[PDB]
Protein chains: 2
Amino acid sequence: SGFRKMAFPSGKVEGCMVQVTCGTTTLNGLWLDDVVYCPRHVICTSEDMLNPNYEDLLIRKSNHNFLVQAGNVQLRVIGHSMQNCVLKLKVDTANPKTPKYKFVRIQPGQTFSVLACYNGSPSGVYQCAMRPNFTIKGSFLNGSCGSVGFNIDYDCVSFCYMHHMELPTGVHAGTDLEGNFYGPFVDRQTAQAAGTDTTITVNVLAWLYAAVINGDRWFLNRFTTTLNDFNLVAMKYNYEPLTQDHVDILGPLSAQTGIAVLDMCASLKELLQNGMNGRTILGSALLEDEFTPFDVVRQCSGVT
Amino acid sequence: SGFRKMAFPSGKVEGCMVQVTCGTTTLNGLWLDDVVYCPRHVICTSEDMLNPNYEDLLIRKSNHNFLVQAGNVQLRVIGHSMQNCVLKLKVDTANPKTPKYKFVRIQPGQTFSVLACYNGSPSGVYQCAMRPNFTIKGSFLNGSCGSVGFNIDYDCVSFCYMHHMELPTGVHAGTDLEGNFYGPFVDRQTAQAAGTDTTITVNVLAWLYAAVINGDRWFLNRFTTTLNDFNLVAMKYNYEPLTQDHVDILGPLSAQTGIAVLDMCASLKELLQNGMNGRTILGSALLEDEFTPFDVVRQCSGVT
Ligand SMILES: CC(=O)Nc1ccncc1NC(=O)[C@@H](C)c1cccc(Cl)c1
Ligand SMILES: CC(=O)Nc1ccncc1NC(=O)[C@@H](C)c1cccc(Cl)c1
């Protein structure tokens, strides 16, 4: 028992982190096979970030200008290319620690672990959710760019995020491993505001099921609701509309606890309308939305 | 910017996890050099756990009864001994992945990362605090025993916790790596209640400093207090009394923000007396106490 914001074990990803330096700029790269992936803004100075022409900037750069270091050993760069907002540096040595991996573009509301890194060295690991507005609420400082987000399926690492930018709001923006930003963000030092961030209803419901499984039952009531009635409440509280696909994914949790999804929706509706009244659920005084139904089942079943 | 419950990268510890089986019981072991450390209750059946005589139980066990597996390879057991509540299994092979390590007995209020494991395989990593009542609020299921807690200082892993037991309360109890339980707990299936759990005042203060550093300043007020006046409030709200040692440790955070420790104590006093009024601090609707002043400085400076 007990429920925690749990991250995947980070070892397979630690073995891939390298330091990439170009001119005066140093950030992190991801070494998989004979390719190092890093944010393309490594070729920029803070002066260039105001309005960078990455094609023209990359033209003044050769293989020897990209310094890649894996711990204390230098990798020889034999090729460089730009794919969307990432640079791909071909090195002459395949990473001997390359795990079985995939590149995946996650959907908003899905979760992933982040291995924060500085100068190619891992500092920490935490669990994140891709917000419905395509930002992440991470913990990143200057030098953290190139830190990756991932999921693990037994022995396979699915890389889904590469950190690129911190908005003036203090929220984070980045790309998939093909260099496509999540959301409308561009890799430019300009005012970019994150749109309205809604609460991931299906995740809050999954977390309510985790609370019931782990003993916290005070919020359960004698009521039920319909998808349309619940969604009228969800709109008012900036919660994502619940669909039958969401109800379907909550099926295993509903079967485990014996509580119908719409009954759990009525508990959530009353929690939205009346608050927690000073009470807590799984040690939290607010409705947690960064656990997917898959995360709840995984943690409550012990998937390694 | 951004503040998260961050765990240490787990790779060095993943390379040490093994599966230990004795009779019908399977749990996790920690392989360092030519020794495997695991909870001694591995020699018990659930029938034995009611009132186990570990000395008599261990007498009916030989080196060949302890099956140690590191992934898919079997380790040859050449010795076995009981040290307090842990068994030490001498194997004929030193772990090639043994990191630089230490065994440390942490103090209540200190934090550490847990690598939850099942059948010698890592499932996840999360940050914990040793509660003032010597329990931890973790996430552990049947099979998780032997999962360890640790801290990392550059390249050295300081192992501080080994998971042994879940109390009927749903909180967790375990030992240091010499087999000494934290708290009054015994490795027996008997009613053991965790004493009163207080809030780690110095950690809440450090987290208030992290909030100020990261932009959340609404709670700052025009007031100050004294250690004795603040402690009268701390007693009423089951908060650990603040000492000058605590004020001293908060020094770097006070210097960074320019806010005197006693001024931050007055903000905390008003937060205790009036609550958050529906507001949040670092995404939390309650006062967080599982970040030490060292964790705040580390996360806010990017120590790898
Ligand atoms: C100073 C500082 O803490 N930065 C950071 C902190 C946390 N994450 C990233 C960063 N870095 C950035 O956001 C910068 C270099 C930037 C600016 C404009 C566009 C892009 Cl793609 C990147
Ligand atoms: C069933 C189940 O989820 N267990 C567990 C869940 C989470 N942690 C540990 C455990 N295991 C225990 O607490 C058990 C085996 C036990 C009982 C009495 C004394 C000790 Cl030292 C140990």
Side-chain angles (χ1 to χ4, degrees), chain A residues 1-2 4 283, chain B residues 5 7-8 10 13 16-17 27-30 32 37-42 44 49 52 54 82-88 101-117 125-153 157-204 238-241 245-246 249 289-292 294-295:
Chain A
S1 86
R4 277 275 183 179
Chain B
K5 195 66 77 67
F8 286 104
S10 60
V13 180
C16 302
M17 305 312 299
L27 46 62
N28 306 281
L30 184 71
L32 292 170
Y37 302 82
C38 76
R40 70 179 174 168
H41 74 253
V42 72
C44 303
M49 297 304 299
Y54 290 97
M82 188 163 60
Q83 176 181 16
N84 301 302
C85 302
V86 295
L87 298 186
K88 295 190 300 195
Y101 75 92
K102 283 182 173 181
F103 288 169
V104 293
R105 183 171 178 91
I106 59 153
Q107 288 297 309
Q110 292 299 118
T111 60
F112 60 89
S113 302
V114 172
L115 178 70
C117 297
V125 59
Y126 53 86
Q127 193 73 358
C128 271
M130 176 56 60
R131 301 308 312 171
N133 73 354
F134 287 107
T135 65
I136 74 168
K137 306 197 185 161
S139 172
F140 293 113
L141 300 177
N142 180 227
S144 67
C145 302
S147 300
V148 302
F150 61 98
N151 284 280
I152 306 175
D153 205 336
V157 183
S158 289
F159 290 105
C160 60
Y161 177 82
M162 178 166 273
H163 184 50
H164 282 242
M165 180 167 69
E166 181 171 79
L167 303 180
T169 359
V171 293
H172 304 110
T175 73
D176 61 29
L177 274 296
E178 297 188 327
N180 301 117
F181 266 94
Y182 283 105
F185 313 108
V186 292
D187 46 356
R188 188 197 161 145
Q189 194 186 351
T190 202
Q192 307 178 55
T196 312
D197 193 34
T198 59
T199 304
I200 314 147
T201 311
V202 70
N203 293 4
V204 176
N238 290 53
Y239 264 62
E240 283 269 334
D245 282 15
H246 294 142
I249 300 163
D289 79 339
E290 298 205 346
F291 296 101
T292 73
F294 302 97
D295 292 340

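Quick note on labels: first sequence line is chain A, next is B, and so on, each numbered from 1. Reckoned from all heavy atoms, side chains included, excluding hydrogens, waters and symmetry mates.
- Side-chain contact check for B/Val104 versus B/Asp176: every heavy-atom pair is 4.5 Å or farther apart.
- Although no hydrogens or angles enter the test, the distance criterion places no donor-acceptor pair under 3.5 Å between the side chain of A/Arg4 and the main chain of B/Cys128.
- The shortest non-hydrogen separation linking B/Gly146 to B/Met17 is O-CE, 3.8 Å.
- We find the CD1-CD distance between B/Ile136 and B/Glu290 to be 9.0 Å, quoted to the nearest 0.5 Å.
- Separation of atoms OH (B/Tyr37) and CG (B/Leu87) is listed at 12.5 Å; rounding is to 0.5 Å.
- Residues B/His163 and B/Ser144 share a closest heavy-atom pair of CD2-OG, 3.4 Å.
- A donor-acceptor contact shorter than 3.5 Å links the side chain of B/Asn151 to the backbone of B/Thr111.
- For the pair B/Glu240/B/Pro132, a side-chain contact is recorded, criterion being any heavy-atom separation below 4.5 Å from C-beta on.
- Looking at every heavy atom in both residues, B/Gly109 comes nearest to B/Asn203 through O-ND2, 3.0 Å.
- Side-chain rings of B/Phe150 and B/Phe103 stay apart, their centers remaining 6.0 Å or farther from each other.
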Original post:
Does the pair B/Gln110 and B/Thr292 meet the rule for a side-chain contact (heavy atoms from CB on, under 4.5 Å), with working shown?
Top reply: CA-CA 7 Å; B/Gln110 292 299 118; B/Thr292 73; 4.1 Å; yes
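- Proximity of B/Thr196 to B/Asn238: side-chain heavy atoms (C-beta onward) are separated by under 4.5 Å at one or more points.
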Original post:
Does the side-chain contact (heavy atoms from CB on, under 4.5 Å) test come out yes or no for B/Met162 and B/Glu178, once each step is laid out?
Top reply: CA-CA 10 Å; B/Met162 178 166 273; B/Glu178 297 188 327; over 6 Å; no
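- Here the side chain of B/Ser10 pairs no donor or acceptor atom with the backbone of B/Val13 at under 3.5 angstrom.
- Minimum heavy-atom separation, A/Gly2 to B/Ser139: O-OG, 3.3 Å.
- Within 6.0 Å of the CG atom in B/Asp153, the count of heavy atoms belonging to other residues, nucleotides or ligands does not exceed 12.
- Taken from NZ in B/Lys102 to OG in B/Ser158, the straight-line distance is 6.0 Å, to the nearest 0.5 Å.
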**OP:** Determine, stepwise, if the pair B/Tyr54 / B/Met82 fulfils side-chain contact (heavy atoms from CB on, under 4.5 Å).
**Re:** CA-CA 9 Å; B/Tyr54 290 97; B/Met82 188 163 60; 3.8 Å; yes
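- Once rounded to the nearest 0.5 Å, the distance linking OH of B/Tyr161 with OG of B/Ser147 reads 9.0 Å.
- Within the cation-pi definition used here (under 6.0 Å to the ring centroid, within 45° of the axis), B/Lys5 qualifies as a partner of B/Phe291.
- In this structure, the side chain of B/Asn28 engages the main chain of B/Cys145 through a donor-acceptor pair within 3.5 Å.
- Looking at B/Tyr101, its side chain never comes within 3.5 Å of a backbone N or O of B/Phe159 through a donor-acceptor pair.
- If you take CG on B/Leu32 and CG on B/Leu177, they are separated by 7.5 Å, rounding to the nearest 0.5 Å.
- Here the side chains of B/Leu115 and B/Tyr126 are not in contact, with every heavy-atom distance at 4.5 Å or above.
- Although no hydrogens or angles enter the test, the distance criterion places a donor-acceptor pair under 3.5 Å between the side chain of B/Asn133 and the main chain of B/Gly195.
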Pairs of donor and acceptor atoms involving the side chains of residues 183-192 of chain B, under 3.5 Å and at least two apart or interchain, shall be tabulated with distances.
{"residue": "B/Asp187", "atom": "OD1", "partner": "B/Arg40", "partner atom": "NH2", "Å": "2.9"}
{"residue": "B/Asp187", "atom": "OD2", "partner": "B/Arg40", "partner atom": "NE", "Å": "2.7"}
{"residue": "B/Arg188", "atom": "NE", "partner": "B/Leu50", "partner atom": "O", "Å": "2.8"}
{"residue": "B/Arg188", "atom": "NH1", "partner": "B/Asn51", "partner atom": "OD1", "Å": "2.9"}
{"residue": "B/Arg188", "atom": "NH2", "partner": "B/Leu50", "partner atom": "O", "Å": "3.4"}
{"residue": "B/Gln192", "atom": "OE1", "partner": "B/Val186", "partner atom": "N", "Å": "2.9"}
{"residue": "B/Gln192", "atom": "NE2", "partner": "B/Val186", "partner atom": "O", "Å": "2.9"}
{"residue": "B/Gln192", "atom": "NE2", "partner": "B/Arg188", "partner atom": "O", "Å": "2.9"}

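- Here B/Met130 contributes atom CE and B/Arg105 contributes atom CZ; the two are 8.0 Å apart, rounded to the nearest 0.5 Å.
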**OP:** Report the C-alpha separation of B/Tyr182 and B/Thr175 in whole Å, then their side-chain angles, then the decisive distance to 0.1 Å, and conclude whether the side-chain contact (heavy atoms from CB on, under 4.5 Å) test is met.
**Re:** CA-CA 5 Å; B/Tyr182 283 105; B/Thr175 73; 5.6 Å; no
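- Of the possible donor and acceptor atoms, one in the side chain of B/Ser113 sits under 3.5 Å from a partner among the backbone N and O of B/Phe8.
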For residues 165-174 of chain B, which side-chain N or O atoms pair as donor and acceptor with protein atoms under 3.5 Å away, sequence neighbours left out?
{"residue": "B/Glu166", "atom": "OE2", "partner": "A/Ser1", "partner atom": "N", "Å": "2.8"}
{"residue": "B/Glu166", "atom": "OE2", "partner": "A/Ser1", "partner atom": "OG", "Å": "2.7"}
{"residue": "B/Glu166", "atom": "OE2", "partner": "B/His172", "partner atom": "NE2", "Å": "2.8"}
{"residue": "B/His172", "atom": "ND1", "partner": "B/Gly138", "partner atom": "N", "Å": "3.0"}
{"residue": "B/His172", "atom": "NE2", "partner": "A/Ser1", "partner atom": "O", "Å": "3.3"}

